[PDB]
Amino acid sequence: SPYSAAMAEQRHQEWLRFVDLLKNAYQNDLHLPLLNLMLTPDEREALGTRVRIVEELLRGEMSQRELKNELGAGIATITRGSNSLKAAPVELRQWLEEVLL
């Protein structure tokens, strides 16, 4: 059932319903309460850490091992982060270099 075409199309629309919800929360300055509701504390912590991983990977100064030890993350976490950043569109990465660095 989970691997069906119907379940996949529903999943895509459900995700975008969240994205649009959050867009509107930011517009009405309800983003912080919404994200407190919608996420667990450990998810929020992971997201704060992932920002630093992306930042430091784009910066290119720390090695992936240095980065793991600085953040208390596992090597595999850093590697997933690196894989995802490698796959990101150029337009995002270019912007991230502007705003994160």
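Residue positions are given as counts along the sequence shown, with the first one as 1.
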Comparing 42 to 50 with 72 to 80, which stretch shows the greater average C-alpha B-factor in the deposited entry? 72 to 80
Once average C-alpha B-factors are taken from the entry for 63 to 71 and 23 to 31, the winner is 63 to 71
Which third of the chain does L96 land in by C-alpha B-factor: lowest, middle or highest? lowest
How does the C-alpha B factor of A87 compare with the rest of the chain: lowest, middle or highest third? highest
